[PDB]
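> Here it is, the structure, as structure tokens.
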Amino acid sequence: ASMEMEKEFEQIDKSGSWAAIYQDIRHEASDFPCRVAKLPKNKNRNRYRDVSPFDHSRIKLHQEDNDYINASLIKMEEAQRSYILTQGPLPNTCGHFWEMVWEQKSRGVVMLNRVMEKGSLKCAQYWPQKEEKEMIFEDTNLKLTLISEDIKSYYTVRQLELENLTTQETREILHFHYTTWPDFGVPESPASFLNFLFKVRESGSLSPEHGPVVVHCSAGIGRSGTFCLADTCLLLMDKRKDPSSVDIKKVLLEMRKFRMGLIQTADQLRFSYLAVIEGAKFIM
Ligand SMILES: O=C(O)C(=O)Nc1sc2c(c1C(=O)O)CCNC2
Ligand SMILES: [Cl-]
Ligand SMILES: [Cl-]
Ligand SMILES: [Cl-]
Ligand SMILES: [Cl-]
């Protein structure tokens, strides 16, 4: 790999067994309890009833009334990278979302969806669109201000100021918004996906000096899983002597120990292969 991975890719392509391989992954994936996610009191904190964090990896809010947020810590030990994957916040969980960003000391938020997709609400408007209209989250005592945005053709980078209204301490949060990645679909090219990923890496947001980057789409599993799988596989291919031993299927199953349903379609799995192959070549 890239040679060994590319060879494997062409073989799967030739036999047309992407769907078969993807289904194998779903069958083999971990099935851990999500008791807390499924408590009655948490019903309104979940966007989709079929998408919940495992108890063992769920992010806990440091709040005395209810610690629950639909978010999971994905800790890739060998790759030496962590991510927080979470659903697109609901109108009632935006305060929670930013409480999590604050408490976990994250530097970046990666958003891979749009607020409305095909006429359906997929994510709350959880950040301010206008500088002069800041957002105040009274429940978690946080204020959020748009400082600037860098709008590119297929993604936007925003500078946000998150302020703890209790202490008046402020932090700069980078918001990386992929705006042309359709739900249950794939990016328009490996190149544009990789350019985006590299921008996130270059920002320092994935650095161990900060808390884990927060990654989300609508459910925090399909597009989110695709993004994280590619990043981790690229790390492995660069850190392993004999990078040929990087088995994307095994890495995805390792990730799914931490959150269910990562990568939601066979074509997203196929795209992950392409991204990793093309990216390996660029980095090598
Ligand atoms: O946003 C994504 O990329 C993603 O995984 N979305 C998902 S996963 C998922 C759903 C959705 C959705 O957006 O409707 C609906 C219920 N089943 C699981
Ligand atoms: Cl949007
Ligand atoms: Cl919503
Ligand atoms: Cl591997
Ligand atoms: Cl699945």
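Residues in the structure tokens are named by chain (A, B, ... in the order shown) and by number from 1 within that chain; ligands are numbered from 1 in the order shown.
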Produce a table with one row for each residue of chain A that has an atom at most 12 Å from any atom of ligand 4, each row naming the nearest atom pair and its distance in Å at one decimal; use only C-alpha atoms and all ligand atoms; arrange rows by chain and rising residue number; format as CSV.

residue,atom,partner,partner_atom_place_in_ligand_line,distance
A:1,CA,ligand 4,1 (Cl),11.0
A:4,CA,ligand 4,1 (Cl),12.0
A:5,CA,ligand 4,1 (Cl),10.8
A:76,CA,ligand 4,1 (Cl),11.8
A:78,CA,ligand 4,1 (Cl),9.8
A:79,CA,ligand 4,1 (Cl),10.4
A:229,CA,ligand 4,1 (Cl),11.6
A:232,CA,ligand 4,1 (Cl),10.4
A:233,CA,ligand 4,1 (Cl),8.1
A:234,CA,ligand 4,1 (Cl),11.1
A:235,CA,ligand 4,1 (Cl),11.2
A:236,CA,ligand 4,1 (Cl),7.9
A:237,CA,ligand 4,1 (Cl),9.0
A:239,CA,ligand 4,1 (Cl),11.7
A:240,CA,ligand 4,1 (Cl),9.5
A:242,CA,ligand 4,1 (Cl),10.7
A:243,CA,ligand 4,1 (Cl),8.7
A:244,CA,ligand 4,1 (Cl),8.6
A:245,CA,ligand 4,1 (Cl),5.5
A:246,CA,ligand 4,1 (Cl),3.7
A:247,CA,ligand 4,1 (Cl),3.8
A:248,CA,ligand 4,1 (Cl),6.3
A:249,CA,ligand 4,1 (Cl),7.7
A:250,CA,ligand 4,1 (Cl),5.6
A:251,CA,ligand 4,1 (Cl),5.8
A:252,CA,ligand 4,1 (Cl),9.3
A:253,CA,ligand 4,1 (Cl),10.1
A:254,CA,ligand 4,1 (Cl),9.4
A:255,CA,ligand 4,1 (Cl),11.7
> Give the residue list for ligand 2 at 8 Å, counting only C-alpha atoms and all ligand atoms, as a list in words, sorted by chain and then by residue number.
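Within the 8 Å cut-off, the matching residues are residues 113, 114, 115, 116, 125 and 179 of chain A.
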> Per residue of chain A within 8 Å of ligand 1, what are the shortest atom pair and its distance in Å to one decimal, counting only C-alpha atoms and all ligand atoms, with rows by chain and residue number, as a tab-separated table?

residue	atom	partner	partner_atom_place_in_ligand_line	distance
A:48	CA	ligand 1	16 (C)	5.6
A:49	CA	ligand 1	16 (C)	7.4
A:50	CA	ligand 1	17 (N)	5.8
A:51	CA	ligand 1	18 (C)	6.0
A:87	CA	ligand 1	1 (O)	7.9
A:88	CA	ligand 1	1 (O)	7.9
A:112	CA	ligand 1	3 (O)	7.4
A:113	CA	ligand 1	1 (O)	6.3
A:122	CA	ligand 1	13 (O)	6.2
A:182	CA	ligand 1	3 (O)	7.6
A:183	CA	ligand 1	3 (O)	4.9
A:184	CA	ligand 1	3 (O)	5.6
A:185	CA	ligand 1	3 (O)	7.7
A:216	CA	ligand 1	1 (O)	7.6
A:217	CA	ligand 1	1 (O)	4.2
A:218	CA	ligand 1	1 (O)	3.5
A:219	CA	ligand 1	6 (N)	4.5
A:220	CA	ligand 1	5 (O)	5.7
A:221	CA	ligand 1	5 (O)	4.4
A:222	CA	ligand 1	5 (O)	3.2
A:223	CA	ligand 1	3 (O)	3.9
A:224	CA	ligand 1	3 (O)	6.2
A:225	CA	ligand 1	5 (O)	7.9
A:261	CA	ligand 1	8 (S)	7.6
A:262	CA	ligand 1	5 (O)	7.5
A:263	CA	ligand 1	5 (O)	7.1
A:264	CA	ligand 1	5 (O)	5.9
> Grab the CA of residue 283 (chain A) to CA of residue 156 (chain A) distance for me, in Å with one decimal place.
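These two atoms are separated by 23.7 Å.
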> Would you give me, as JSON lines, each residue of chain A having an atom within 6 Å of an atom of ligand 3, along with its shortest atom pair and that distance in Å to one decimal, using only C-alpha atoms and all ligand atoms and sorting by chain and residue number?

{"residue": "A:90", "atom": "CA", "partner": "ligand 3", "partner_atom_place_in_ligand_line": "1 (Cl)", "distance": 4.8}
{"residue": "A:91", "atom": "CA", "partner": "ligand 3", "partner_atom_place_in_ligand_line": "1 (Cl)", "distance": 5.9}
{"residue": "A:121", "atom": "CA", "partner": "ligand 3", "partner_atom_place_in_ligand_line": "1 (Cl)", "distance": 5.0}
{"residue": "A:122", "atom": "CA", "partner": "ligand 3", "partner_atom_place_in_ligand_line": "1 (Cl)", "distance": 5.4}
{"residue": "A:123", "atom": "CA", "partner": "ligand 3", "partner_atom_place_in_ligand_line": "1 (Cl)", "distance": 4.3}
{"residue": "A:124", "atom": "CA", "partner": "ligand 3", "partner_atom_place_in_ligand_line": "1 (Cl)", "distance": 4.2}
> Would you write out those residues with C-alpha atoms, as a short mmCIF file (atom, residue, chain, number, x, y, z; two decimals), in the first residue's frame?

data_model
loop_
_atom_site.label_atom_id
_atom_site.label_comp_id
_atom_site.auth_asym_id
_atom_site.auth_seq_id
_atom_site.Cartn_x
_atom_site.Cartn_y
_atom_site.Cartn_z
CA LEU A 90 -31.11 19.68 18.08
CA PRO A 91 -32.65 23.07 18.88
CA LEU A 121 -34.11 19.79 8.94
CA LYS A 122 -30.90 17.77 9.56
CA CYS A 123 -29.13 20.02 12.09
CA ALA A 124 -29.98 23.09 14.17
#
> Need to verify the contact set: residue 28 (chain A), 10 Å, only C-alpha atoms, exclusion of same-chain residues closer than 3 positions in sequence. Can you return it as JSON, numbers by chain?
{"A": [23, 24, 25, 31, 253, 256]}
> Pick out the residues sitting within 12 Å of residue 282 (chain A), and hand them over as a list in words; count only C-alpha atoms, and ignore anything fewer than 6 positions along from it in its own chain.
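Returned residues: residues 2, 190, 191, 194, 195, 198, 234, 237, 238, 275 and 276 of chain A.
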> Taking 4 positions as the minimum chain separation for residues in the same chain, which residues sit within 12 Å of region 108-110 of chain A when counting only C-alpha atoms? Answer as a PDB file with N, CA, C and O atoms, in the first residue's frame.

ATOM      1  N   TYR A  83     -11.119  11.415  18.234  1.00  0.00           N
ATOM      2  CA  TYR A  83     -12.161  12.287  17.695  1.00  0.00           C
ATOM      3  C   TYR A  83     -13.381  12.198  18.574  1.00  0.00           C
ATOM      4  O   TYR A  83     -13.654  11.139  19.135  1.00  0.00           O
ATOM      5  N   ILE A  84     -14.155  13.274  18.644  1.00  0.00           N
ATOM      6  CA  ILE A  84     -15.501  13.174  19.182  1.00  0.00           C
ATOM      7  C   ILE A  84     -16.480  13.216  18.009  1.00  0.00           C
ATOM      8  O   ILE A  84     -16.463  14.167  17.217  1.00  0.00           O
ATOM      9  N   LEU A  85     -17.290  12.168  17.866  1.00  0.00           N
ATOM     10  CA  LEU A  85     -18.319  12.140  16.820  1.00  0.00           C
ATOM     11  C   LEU A  85     -19.661  12.361  17.481  1.00  0.00           C
ATOM     12  O   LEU A  85     -19.980  11.750  18.502  1.00  0.00           O
ATOM     13  N   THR A  86     -20.458  13.248  16.911  1.00  0.00           N
ATOM     14  CA  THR A  86     -21.704  13.609  17.558  1.00  0.00           C
ATOM     15  C   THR A  86     -22.760  13.888  16.482  1.00  0.00           C
ATOM     16  O   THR A  86     -22.429  14.121  15.327  1.00  0.00           O
ATOM     17  N   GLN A  87     -24.032  13.831  16.862  1.00  0.00           N
ATOM     18  CA  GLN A  87     -25.101  14.163  15.930  1.00  0.00           C
ATOM     19  C   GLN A  87     -25.129  15.668  15.669  1.00  0.00           C
ATOM     20  O   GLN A  87     -24.562  16.440  16.431  1.00  0.00           O
ATOM     21  N   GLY A  88     -25.827  16.089  14.618  1.00  0.00           N
ATOM     22  CA  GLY A  88     -26.093  17.507  14.451  1.00  0.00           C
ATOM     23  C   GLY A  88     -27.003  17.931  15.594  1.00  0.00           C
ATOM     24  O   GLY A  88     -28.045  17.326  15.794  1.00  0.00           O
ATOM     25  N   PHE A  97     -24.088  21.014  23.226  1.00  0.00           N
ATOM     26  CA  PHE A  97     -23.033  20.842  22.239  1.00  0.00           C
ATOM     27  C   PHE A  97     -21.855  21.758  22.565  1.00  0.00           C
ATOM     28  O   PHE A  97     -20.705  21.328  22.568  1.00  0.00           O
ATOM     29  N   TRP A  98     -22.137  23.025  22.860  1.00  0.00           N
ATOM     30  CA  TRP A  98     -21.035  23.949  23.122  1.00  0.00           C
ATOM     31  C   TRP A  98     -20.449  23.736  24.518  1.00  0.00           C
ATOM     32  O   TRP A  98     -19.254  23.971  24.730  1.00  0.00           O
ATOM     33  N   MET A 100     -20.018  20.776  25.706  1.00  0.00           N
ATOM     34  CA  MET A 100     -19.067  19.715  25.395  1.00  0.00           C
ATOM     35  C   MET A 100     -17.774  20.267  24.768  1.00  0.00           C
ATOM     36  O   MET A 100     -16.672  19.924  25.187  1.00  0.00           O
ATOM     37  N   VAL A 101     -17.910  21.128  23.766  1.00  0.00           N
ATOM     38  CA  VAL A 101     -16.731  21.715  23.136  1.00  0.00           C
ATOM     39  C   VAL A 101     -15.861  22.412  24.183  1.00  0.00           C
ATOM     40  O   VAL A 101     -14.633  22.232  24.192  1.00  0.00           O
ATOM     41  N   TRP A 102     -16.501  23.157  25.086  1.00  0.00           N
ATOM     42  CA  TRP A 102     -15.779  23.853  26.156  1.00  0.00           C
ATOM     43  C   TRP A 102     -15.067  22.882  27.101  1.00  0.00           C
ATOM     44  O   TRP A 102     -13.846  22.971  27.315  1.00  0.00           O
ATOM     45  N   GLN A 104     -14.332  19.710  26.848  1.00  0.00           N
ATOM     46  CA  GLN A 104     -13.360  18.809  26.227  1.00  0.00           C
ATOM     47  C   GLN A 104     -12.161  19.551  25.624  1.00  0.00           C
ATOM     48  O   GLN A 104     -11.236  18.912  25.123  1.00  0.00           O
ATOM     49  N   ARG A 114     -25.342  20.126   5.796  1.00  0.00           N
ATOM     50  CA  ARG A 114     -26.014  21.414   5.862  1.00  0.00           C
ATOM     51  C   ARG A 114     -27.245  21.349   6.755  1.00  0.00           C
ATOM     52  O   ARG A 114     -27.760  20.261   7.043  1.00  0.00           O
ATOM     53  N   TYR A 126     -26.675  26.075  14.905  1.00  0.00           N
ATOM     54  CA  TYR A 126     -26.076  26.104  16.245  1.00  0.00           C
ATOM     55  C   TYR A 126     -24.939  27.117  16.379  1.00  0.00           C
ATOM     56  O   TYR A 126     -24.342  27.262  17.449  1.00  0.00           O
ATOM     57  N   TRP A 127     -24.651  27.821  15.289  1.00  0.00           N
ATOM     58  CA  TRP A 127     -23.683  28.914  15.334  1.00  0.00           C
ATOM     59  C   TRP A 127     -24.286  30.160  14.681  1.00  0.00           C
ATOM     60  O   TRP A 127     -25.194  30.050  13.847  1.00  0.00           O
ATOM     61  N   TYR A 155     -16.386  24.686   0.607  1.00  0.00           N
ATOM     62  CA  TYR A 155     -16.342  24.632   2.066  1.00  0.00           C
ATOM     63  C   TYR A 155     -16.071  26.015   2.631  1.00  0.00           C
ATOM     64  O   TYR A 155     -15.620  26.921   1.920  1.00  0.00           O
ATOM     65  N   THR A 156     -16.362  26.170   3.916  1.00  0.00           N
ATOM     66  CA  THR A 156     -16.205  27.444   4.584  1.00  0.00           C
ATOM     67  C   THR A 156     -15.444  27.211   5.873  1.00  0.00           C
ATOM     68  O   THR A 156     -15.669  26.205   6.543  1.00  0.00           O
ATOM     69  N   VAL A 157     -14.519  28.109   6.199  1.00  0.00           N
ATOM     70  CA  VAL A 157     -13.859  28.049   7.493  1.00  0.00           C
ATOM     71  C   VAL A 157     -14.274  29.269   8.292  1.00  0.00           C
ATOM     72  O   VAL A 157     -14.104  30.399   7.831  1.00  0.00           O
ATOM     73  N   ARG A 158     -14.833  29.055   9.477  1.00  0.00           N
ATOM     74  CA  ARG A 158     -15.251  30.182  10.313  1.00  0.00           C
ATOM     75  C   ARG A 158     -14.409  30.285  11.571  1.00  0.00           C
ATOM     76  O   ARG A 158     -14.016  29.266  12.151  1.00  0.00           O
ATOM     77  N   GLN A 159     -14.139  31.522  11.984  1.00  0.00           N
ATOM     78  CA  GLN A 159     -13.549  31.797  13.284  1.00  0.00           C
ATOM     79  C   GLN A 159     -14.654  32.188  14.227  1.00  0.00           C
ATOM     80  O   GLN A 159     -15.347  33.178  13.990  1.00  0.00           O
ATOM     81  N   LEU A 160     -14.818  31.406  15.295  1.00  0.00           N
ATOM     82  CA  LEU A 160     -15.838  31.663  16.293  1.00  0.00           C
ATOM     83  C   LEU A 160     -15.167  31.977  17.611  1.00  0.00           C
ATOM     84  O   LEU A 160     -14.088  31.460  17.897  1.00  0.00           O
ATOM     85  N   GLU A 161     -15.790  32.848  18.393  1.00  0.00           N
ATOM     86  CA  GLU A 161     -15.350  33.094  19.754  1.00  0.00           C
ATOM     87  C   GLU A 161     -16.374  32.532  20.722  1.00  0.00           C
ATOM     88  O   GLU A 161     -17.515  32.978  20.770  1.00  0.00           O
ATOM     89  N   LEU A 162     -15.934  31.549  21.496  1.00  0.00           N
ATOM     90  CA  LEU A 162     -16.760  30.928  22.513  1.00  0.00           C
ATOM     91  C   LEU A 162     -16.392  31.522  23.860  1.00  0.00           C
ATOM     92  O   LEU A 162     -15.235  31.424  24.272  1.00  0.00           O
ATOM     93  N   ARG A 171     -12.354  31.563  24.117  1.00  0.00           N
ATOM     94  CA  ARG A 171     -11.526  30.699  23.289  1.00  0.00           C
ATOM     95  C   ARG A 171     -11.897  30.859  21.834  1.00  0.00           C
ATOM     96  O   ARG A 171     -13.067  31.059  21.519  1.00  0.00           O
ATOM     97  N   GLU A 172     -10.909  30.746  20.955  1.00  0.00           N
ATOM     98  CA  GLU A 172     -11.159  30.740  19.522  1.00  0.00           C
ATOM     99  C   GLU A 172     -11.434  29.319  19.029  1.00  0.00           C
ATOM    100  O   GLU A 172     -10.618  28.415  19.224  1.00  0.00           O
ATOM    101  N   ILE A 173     -12.580  29.131  18.384  1.00  0.00           N
ATOM    102  CA  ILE A 173     -12.944  27.840  17.808  1.00  0.00           C
ATOM    103  C   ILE A 173     -12.947  27.956  16.288  1.00  0.00           C
ATOM    104  O   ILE A 173     -13.524  28.896  15.751  1.00  0.00           O
ATOM    105  N   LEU A 174     -12.313  27.009  15.607  1.00  0.00           N
ATOM    106  CA  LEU A 174     -12.341  26.956  14.156  1.00  0.00           C
ATOM    107  C   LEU A 174     -13.468  26.036  13.721  1.00  0.00           C
ATOM    108  O   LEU A 174     -13.596  24.915  14.230  1.00  0.00           O
ATOM    109  N   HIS A 175     -14.292  26.518  12.799  1.00  0.00           N
ATOM    110  CA  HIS A 175     -15.427  25.755  12.273  1.00  0.00           C
ATOM    111  C   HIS A 175     -15.156  25.410  10.811  1.00  0.00           C
ATOM    112  O   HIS A 175     -15.116  26.303   9.968  1.00  0.00           O
ATOM    113  N   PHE A 176     -14.934  24.127  10.529  1.00  0.00           N
ATOM    114  CA  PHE A 176     -14.661  23.643   9.180  1.00  0.00           C
ATOM    115  C   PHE A 176     -15.914  23.014   8.616  1.00  0.00           C
ATOM    116  O   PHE A 176     -16.306  21.928   9.036  1.00  0.00           O
ATOM    117  N   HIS A 177     -16.539  23.711   7.669  1.00  0.00           N
ATOM    118  CA  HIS A 177     -17.869  23.347   7.182  1.00  0.00           C
ATOM    119  C   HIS A 177     -17.786  22.890   5.738  1.00  0.00           C
ATOM    120  O   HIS A 177     -17.609  23.701   4.828  1.00  0.00           O
ATOM    121  N   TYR A 178     -17.871  21.581   5.535  1.00  0.00           N
ATOM    122  CA  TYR A 178     -17.953  21.008   4.199  1.00  0.00           C
ATOM    123  C   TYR A 178     -19.391  21.175   3.700  1.00  0.00           C
ATOM    124  O   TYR A 178     -20.333  20.597   4.254  1.00  0.00           O
ATOM    125  N   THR A 179     -19.577  21.981   2.659  1.00  0.00           N
ATOM    126  CA  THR A 179     -20.937  22.363   2.289  1.00  0.00           C
ATOM    127  C   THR A 179     -21.484  21.623   1.054  1.00  0.00           C
ATOM    128  O   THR A 179     -22.630  21.842   0.683  1.00  0.00           O
ATOM    129  N   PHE A 196      -9.736  19.410   1.862  1.00  0.00           N
ATOM    130  CA  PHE A 196     -10.446  19.803   3.073  1.00  0.00           C
ATOM    131  C   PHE A 196      -9.781  19.191   4.317  1.00  0.00           C
ATOM    132  O   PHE A 196      -9.494  19.900   5.281  1.00  0.00           O
ATOM    133  N   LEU A 197      -9.547  17.879   4.281  1.00  0.00           N
ATOM    134  CA  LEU A 197      -8.907  17.179   5.403  1.00  0.00           C
ATOM    135  C   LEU A 197      -7.554  17.798   5.744  1.00  0.00           C
ATOM    136  O   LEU A 197      -7.230  18.006   6.913  1.00  0.00           O
ATOM    137  N   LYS A 199      -6.550  20.833   5.163  1.00  0.00           N
ATOM    138  CA  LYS A 199      -6.767  22.147   5.776  1.00  0.00           C
ATOM    139  C   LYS A 199      -7.040  22.010   7.274  1.00  0.00           C
ATOM    140  O   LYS A 199      -6.521  22.780   8.097  1.00  0.00           O
ATOM    141  N   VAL A 200      -7.868  21.034   7.619  1.00  0.00           N
ATOM    142  CA  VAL A 200      -8.153  20.755   9.019  1.00  0.00           C
ATOM    143  C   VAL A 200      -6.871  20.355   9.756  1.00  0.00           C
ATOM    144  O   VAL A 200      -6.606  20.849  10.847  1.00  0.00           O
ATOM    145  N   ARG A 201      -6.071  19.478   9.154  1.00  0.00           N
ATOM    146  CA  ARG A 201      -4.815  19.049   9.778  1.00  0.00           C
ATOM    147  C   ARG A 201      -3.867  20.233   9.968  1.00  0.00           C
ATOM    148  O   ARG A 201      -3.280  20.403  11.034  1.00  0.00           O
ATOM    149  N   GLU A 202      -3.721  21.048   8.927  1.00  0.00           N
ATOM    150  CA  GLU A 202      -2.817  22.200   8.979  1.00  0.00           C
ATOM    151  C   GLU A 202      -3.214  23.244  10.027  1.00  0.00           C
ATOM    152  O   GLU A 202      -2.371  24.018  10.486  1.00  0.00           O
ATOM    153  N   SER A 203      -4.482  23.271  10.416  1.00  0.00           N
ATOM    154  CA  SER A 203      -4.937  24.284  11.361  1.00  0.00           C
ATOM    155  C   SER A 203      -4.446  24.016  12.784  1.00  0.00           C
ATOM    156  O   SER A 203      -4.520  24.894  13.645  1.00  0.00           O
ATOM    157  N   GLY A 204      -3.961  22.803  13.036  1.00  0.00           N
ATOM    158  CA  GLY A 204      -3.570  22.420  14.383  1.00  0.00           C
ATOM    159  C   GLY A 204      -4.712  21.821  15.192  1.00  0.00           C
ATOM    160  O   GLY A 204      -4.503  21.384  16.327  1.00  0.00           O
ATOM    161  N   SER A 205      -5.910  21.770  14.602  1.00  0.00           N
ATOM    162  CA  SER A 205      -7.115  21.314  15.313  1.00  0.00           C
ATOM    163  C   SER A 205      -7.083  19.840  15.722  1.00  0.00           C
ATOM    164  O   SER A 205      -7.831  19.426  16.609  1.00  0.00           O
ATOM    165  N   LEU A 206      -6.236  19.051  15.066  1.00  0.00           N
ATOM    166  CA  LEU A 206      -6.157  17.622  15.331  1.00  0.00           C
ATOM    167  C   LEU A 206      -4.981  17.300  16.254  1.00  0.00           C
ATOM    168  O   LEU A 206      -4.719  16.136  16.557  1.00  0.00           O
ATOM    169  N   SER A 207      -4.279  18.341  16.683  1.00  0.00           N
ATOM    170  CA  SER A 207      -3.098  18.194  17.526  1.00  0.00           C
ATOM    171  C   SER A 207      -3.437  17.721  18.938  1.00  0.00           C
ATOM    172  O   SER A 207      -4.442  18.144  19.518  1.00  0.00           O
ATOM    173  N   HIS A 210      -4.482  19.957  21.909  1.00  0.00           N
ATOM    174  CA  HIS A 210      -5.880  20.327  22.124  1.00  0.00           C
ATOM    175  C   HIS A 210      -6.708  19.109  22.489  1.00  0.00           C
ATOM    176  O   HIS A 210      -6.273  17.977  22.315  1.00  0.00           O
ATOM    177  N   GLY A 211      -7.921  19.348  22.970  1.00  0.00           N
ATOM    178  CA  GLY A 211      -8.886  18.276  23.089  1.00  0.00           C
ATOM    179  C   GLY A 211      -9.243  17.727  21.719  1.00  0.00           C
ATOM    180  O   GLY A 211      -8.881  18.306  20.687  1.00  0.00           O
ATOM    181  N   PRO A 212      -9.946  16.593  21.693  1.00  0.00           N
ATOM    182  CA  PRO A 212     -10.332  15.956  20.429  1.00  0.00           C
ATOM    183  C   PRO A 212     -11.162  16.898  19.551  1.00  0.00           C
ATOM    184  O   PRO A 212     -12.036  17.617  20.070  1.00  0.00           O
ATOM    185  N   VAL A 213     -10.880  16.903  18.251  1.00  0.00           N
ATOM    186  CA  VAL A 213     -11.751  17.584  17.300  1.00  0.00           C
ATOM    187  C   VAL A 213     -13.178  17.028  17.407  1.00  0.00           C
ATOM    188  O   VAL A 213     -13.376  15.822  17.665  1.00  0.00           O
ATOM    189  N   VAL A 214     -14.174  17.895  17.244  1.00  0.00           N
ATOM    190  CA  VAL A 214     -15.563  17.446  17.216  1.00  0.00           C
ATOM    191  C   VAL A 214     -15.989  17.345  15.757  1.00  0.00           C
ATOM    192  O   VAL A 214     -15.916  18.332  15.018  1.00  0.00           O
ATOM    193  N   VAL A 215     -16.398  16.144  15.350  1.00  0.00           N
ATOM    194  CA  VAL A 215     -16.846  15.882  13.987  1.00  0.00           C
ATOM    195  C   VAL A 215     -18.326  15.539  14.023  1.00  0.00           C
ATOM    196  O   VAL A 215     -18.759  14.732  14.862  1.00  0.00           O
ATOM    197  N   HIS A 216     -19.109  16.153  13.134  1.00  0.00           N
ATOM    198  CA  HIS A 216     -20.517  15.789  13.030  1.00  0.00           C
ATOM    199  C   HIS A 216     -21.069  15.937  11.613  1.00  0.00           C
ATOM    200  O   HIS A 216     -20.557  16.710  10.790  1.00  0.00           O
ATOM    201  N   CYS A 217     -22.103  15.154  11.337  1.00  0.00           N
ATOM    202  CA  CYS A 217     -22.942  15.340  10.161  1.00  0.00           C
ATOM    203  C   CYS A 217     -24.364  15.467  10.699  1.00  0.00           C
ATOM    204  O   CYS A 217     -24.566  16.127  11.718  1.00  0.00           O
ATOM    205  N   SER A 218     -25.357  14.838  10.076  1.00  0.00           N
ATOM    206  CA  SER A 218     -26.674  14.883  10.712  1.00  0.00           C
ATOM    207  C   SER A 218     -26.760  13.908  11.884  1.00  0.00           C
ATOM    208  O   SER A 218     -27.235  14.268  12.962  1.00  0.00           O
ATOM    209  N   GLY A 220     -23.954  11.887  12.805  1.00  0.00           N
ATOM    210  CA  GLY A 220     -22.624  11.687  13.355  1.00  0.00           C
ATOM    211  C   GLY A 220     -22.088  10.285  13.104  1.00  0.00           C
ATOM    212  O   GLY A 220     -21.315   9.767  13.912  1.00  0.00           O
ATOM    213  N   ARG A 223     -21.266  10.416   7.035  1.00  0.00           N
ATOM    214  CA  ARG A 223     -20.209  11.273   6.529  1.00  0.00           C
ATOM    215  C   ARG A 223     -19.106  11.416   7.573  1.00  0.00           C
ATOM    216  O   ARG A 223     -17.926  11.419   7.241  1.00  0.00           O
ATOM    217  N   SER A 224     -19.497  11.508   8.838  1.00  0.00           N
ATOM    218  CA  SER A 224     -18.525  11.612   9.939  1.00  0.00           C
ATOM    219  C   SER A 224     -17.574  10.433   9.998  1.00  0.00           C
ATOM    220  O   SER A 224     -16.362  10.596  10.193  1.00  0.00           O
ATOM    221  N   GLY A 225     -18.128   9.239   9.835  1.00  0.00           N
ATOM    222  CA  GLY A 225     -17.327   8.024   9.857  1.00  0.00           C
ATOM    223  C   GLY A 225     -16.367   7.991   8.683  1.00  0.00           C
ATOM    224  O   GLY A 225     -15.211   7.582   8.821  1.00  0.00           O
ATOM    225  N   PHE A 227     -15.049  10.579   7.012  1.00  0.00           N
ATOM    226  CA  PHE A 227     -14.001  11.550   7.311  1.00  0.00           C
ATOM    227  C   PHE A 227     -12.956  10.959   8.263  1.00  0.00           C
ATOM    228  O   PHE A 227     -11.750  11.007   7.997  1.00  0.00           O
ATOM    229  N   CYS A 228     -13.413  10.386   9.370  1.00  0.00           N
ATOM    230  CA  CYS A 228     -12.478   9.905  10.374  1.00  0.00           C
ATOM    231  C   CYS A 228     -11.732   8.660   9.912  1.00  0.00           C
ATOM    232  O   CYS A 228     -10.548   8.497  10.222  1.00  0.00           O
TER     233      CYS A 228
END
